[PDB]
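Asker: sequence-free structure coming up:
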Ligand SMILES: Nc1ncnc2c1ncn2[C@@H]1O[C@H](COP(=O)(O)OP(=O)(O)NP(=O)(O)O)[C@@H](O)[C@H]1O
Ligand SMILES: Nc1ncnc2c1ncn2[C@@H]1O[C@H](COP(=O)(O)OP(=O)(O)NP(=O)(O)O)[C@@H](O)[C@H]1O
Ligand SMILES: Nc1ncnc2c1ncn2[C@@H]1O[C@H](COP(=O)(O)OP(=O)(O)NP(=O)(O)O)[C@@H](O)[C@H]1O
């Protein structure tokens, strides 16, 4: 089993990292697929986001980070993954993932879509929230890895 | 009864199409009112979206297609329609249509708001999803009419 | 003893906002309307204008003040020494976003409470986004907004 965890990860947070720790324990191979997502004007470049996700995850031997800008249903076949991993924090996540799962079932029928929910300690962590707090000088050290905090710190001065 | 089905239809999809076939069977006159929707930066122009919706409903005699860029509560009067038709796919749709209907009740008190839910076969189909998949060269033929599929294909080349 | 801070974008302030302000003024000693600059929303009215509009609609309430701000809300509520946030819940969407924002503020401002009101069903559907879109198309929005705000929309789209 090779699982693919796709997202924008702008930047990667302790919310993502918890899911990755749990996936790392359940599957033989975990690939973090950082989506380019140019139409979201991500705060960080694809290169940095890949780099932060690597730094935050280097300590896990069966976890890899890779960037992509193609259709997710195509990229998963290029990585030879048979499982999608997504996280569910709230009903808006569930609805969207529910629809995307039915959709990817059409585009990539041999790929399962599976979901995890967060630990209550990380259920509320948003990348949009971390970005908006850091841009106004709020402390985001409780929601991200130190390297990411350091990155946010540098990015806004 | 003259029912008015307003939407952005960017582009019209098999989910829209299912609701229209079912409405045409239920009401004497069905108008598809295509909204300009400038705040949505539509992939297609209002003219193309009208042409597409008309092409897809060509075979239904009690169905007409019209473009409009005015307030919906004014346009429905200009069309002398007494019923709104809207679709409900998910809690997100339900919330929004619920708010829009109490709002249209103030602006157009003589117009009913009514809802259909999609066949499970088209429940997951989103216009936004169709657009984002076509933009990355994923096959979207199962979610749209052949003319619409061609129109997406041409739109990114 | 209780100083409550109601933060929002207020673009523009609405009768839905107004009901909550009315109900809160009856409930707390001091009510502060904190209007966020919200540049990331490309607001229709300027901060200066939104503040002024929010003031005109609230002048009849003595324990209510209006102030604009563009700093972090969790810093700003401390700066106002307010001990409770007021937010409104109209629908599941508000509830999710507010639930997530309250847990986040609990981390940034642990001694500030987050509390919620739900709208009277007569203002349940009123949105600033809705009022703006209707006015921009010349609809009558007088039932959703105070006369000063209605006038402000009409002129802004002319
Ligand atoms: N704190 C979290 N806990 C559990 N799952 C999460 C969490 N944050 C993000 N995710 C999930 O993991 C995936 C990747 O997240 P990501 O794409 O970076 O965020 P996003 O959906 O674009 N929105 P945002 O986090 O608000 O910027 C999403 O499917 C999310 O459902
Ligand atoms: N597959 C579908 N089945 C039933 N109703 C739908 C479907 N797709 C869209 N609608 C409904 O038909 C109406 C017009 O939709 P429309 O404005 O074109 O899409 P939208 O509002 O942009 N949503 P989205 O599909 O996320 O792009 C709305 O009432 C919708 O909820
Ligand atoms: N009619 C209303 N009734 C009760 N609370 C409301 C109402 N409208 C807005 N609010 C709440 O008051 C707060 C401030 O709102 P604000 O951000 O300025 O508008 P908004 O939430 O962006 N509305 P909209 O832009 O139309 O989606 C939020 O917690 C809102 O959910």
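Answerer: Alright, I've got the coordinates. Residues are numbered from 1 along each chain as shown, chains lettered A, B, ... in the order given. Ligands and ions are numbered 1, 2, ... in the order given.
Asker: tell me the contacts of residue A:83?
Answerer: Counting by Cβ atoms under 8 Å, 6 or more residues apart in numbering or on different chains, residue A:83 touches A:1-4, A:27, A:111-114. From N, CA and C alone the C-beta is placed, and that goes for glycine too.
Asker: Would you mind pulling up the elements that the helix or strand hosting residue A:104 packs against?
Answerer: Secondary structure assigned from DSSP states H and E places residue A:104 in helix A:91-107. If contacts are counted by 3 or more Cβ pairs under 8 Å, 6 or more residues apart in numbering or on different chains; DSSP states H and E, helix A:91-107 sits against helix A:72-78, strand A:83-87, strand A:112-116, helix B:91-107, helix B:127-135, helix C:92-108.
Asker: Just the buried positions in it, please.
Answerer: Under the neighbour-count criterion of 16 or more other Cβ atoms under 10 Å in any protein chain shown, helix A:91-107 has A:92-104, A:106-107 buried.
Asker: Just give me the closest of those to chain C.
Answerer: Nearest to chain C among the buried residues of helix A:91-107: residue A:92, at 6.0 Å, using Cβ to the nearest Cβ.
Asker: Which residues of chain A lie near chain C?
Answerer: A:89-92, A:123-126, A:129, A:132-133, A:136-139, A:142-143 (Cβ under 8 Å from any Cβ of the partner chain).
Asker: go again using 10 Å as the cut-off
Answerer: Residues of chain A lying near chain C by Cβ under 10 Å from any Cβ of the partner chain: A:89-93, A:120-121, A:123-126, A:128-130, A:132-140, A:142-143.
Asker: Skip the chain neighbours and tell me the closest residue to residue A:38.
Answerer: residue A:69 (7.7 Å; Cβ to Cβ, 6 or more residues apart in numbering or on different chains).
Asker: Pull the number of nearby residues for the one you found.
Answerer: 12 (other Cβ atoms under 10 Å in any protein chain shown).
Asker: Touching, it and residue A:42? I think so.
Answerer: No. If you go by Cβ atoms under 10 Å, residue A:69 and residue A:42 don't touch, sitting 11.7 Å apart.
Asker: what is in contact with the two at once?
Answerer: A:34-36 (Cβ atoms under 10 Å, 6 or more residues apart in numbering or on different chains).
Asker: Would you mind listing what in chain A touches chain B?
Answerer: Residues of chain A lying near chain B (Cβ under 10 Å from any Cβ): A:39, A:69-75, A:91-92, A:94-96, A:98-108.
Asker: does ligand 1 sit close to stretch A:144-157?
Answerer: No. Stretch A:144-157 does not reach ligand 1 (Cβ under 6 Å from any ligand atom); its nearest approach is 10.8 Å.
Asker: Next, the buried residues of that stretch.
Answerer: Judged by neighbour count (16+ other Cβ under 10 Å), stretch A:144-157 contains these buried residues: A:144-145, A:148-149, A:151-152.
Asker: What is the neighbour count of the closest residue to residue A:81 other than its chain neighbours?
Answerer: Leaving aside its chain neighbours, residue A:81 sits nearest to residue A:4 (4.0 Å; criterion: Cβ to Cβ, 6+ apart). Using other Cβ under 10 Å, residue A:4 has 24 neighbouring residues.
Asker: what sits opposite residue A:4 in the beta ladder?
Answerer: residue A:31, residue A:84 (DSSP bridges).
Asker: Do I have it right that it meets residue A:111?
Answerer: Yes. The criterion here is Cβ under 10 Å, and residue A:4 meets it with residue A:111 at 8.2 Å.
Asker: any common contacting residues for those two?
Answerer: With Cβ under 10 Å, 6+ apart as the test, residue A:4 and residue A:111 both reach A:72, A:76, A:81-84.
Asker: Report the contact partners of whatever residue of chain A ends up closest to ligand 3.
Answerer: Closest approach between chain A and ligand 3, counting by Cβ to the nearest ligand atom: residue A:132, at 13.6 Å. Counting by Cβ under 10 Å, 6+ apart, residue A:132 touches A:126, A:138, A:140, C:40, C:72-73, C:104.
Asker: Same check on residue A:66?
Answerer: With Cβ under 10 Å, 6+ apart, residue A:66 has these contacts: A:4, A:31-34, A:50, A:53-54, A:75, A:78-79.
Asker: out of everything not next to it in sequence, what's closest to residue A:141?
Answerer: Nearest one to residue A:141, counting by Cβ to Cβ, 6+ apart, is residue A:149 at 4.9 Å.
Asker: What distance do you get for the one you found to chain B?
Answerer: Counting by Cβ to the nearest Cβ, to the nearest Å, the gap from residue A:149 to chain B is 32 Å.
Asker: just checking, that residue touches residue A:138?
Answerer: No. Counting by Cβ under 10 Å, residue A:138 is not a contact partner of residue A:149; they are 11.2 Å apart.
Asker: overlap in contacts of the two?
Answerer: Shared contacts of residue A:149 and residue A:138, counting by Cβ under 10 Å, 6+ apart, come down to residue A:130.
Asker: Now chain A against ligand 2: closest residue?
Answerer: For chain A, Cβ to the nearest ligand atom, closest residue to ligand 2: residue A:99, 8.8 Å.
Asker: need the contact list for that residue.
Answerer: B:89-90, B:92, B:123-126, B:128-129.
Asker: hmm, which of these are the buried ones?
Answerer: Among these, those buried by neighbour count (16+ other Cβ under 10 Å) are B:89-90, B:92, B:123-126, B:129.
Asker: Tell me which two of those sit farthest apart.
Answerer: B:92 and B:125 (14.1 Å; Cβ to Cβ).
Asker: okay, now the closest residue to residue A:133 other than its chain neighbours: neighbour count?
Answerer: Counting by Cβ to Cβ, 6+ apart, residue A:133 lies nearest to residue A:140, which is 5.2 Å off, once chain neighbours are set aside. Residues lying near residue A:140 (other Cβ under 10 Å) number 25.
Asker: show me the residues around the nearest residue to residue A:60 once chain neighbours are set aside that make contact.
Answerer: Computed as Cβ to Cβ, 6+ apart, the closest residue to residue A:60 that is not its neighbour in sequence is residue A:24, at 4.8 Å. Residues in contact with residue A:24 (Cβ under 10 Å, 6+ apart) are A:3, A:30, A:57, A:59-63.
Asker: who wins for neighbours among the residues you listed?
Answerer: residue A:30 (27 neighbours).
Asker: contacting residues for that one?
Answerer: Residues in contact with residue A:30 (Cβ under 10 Å, 6+ apart) are A:1-5, A:19-24, A:57, A:60, A:62-65, A:81, A:83, A:85.
Asker: go with 8 Å
Answerer: Contacts for residue A:30 (Cβ under 8 Å, 6+ apart) come out as A:2-5, A:20, A:23-24, A:60, A:62-64, A:85.
Asker: Alright, that wraps it up for me.
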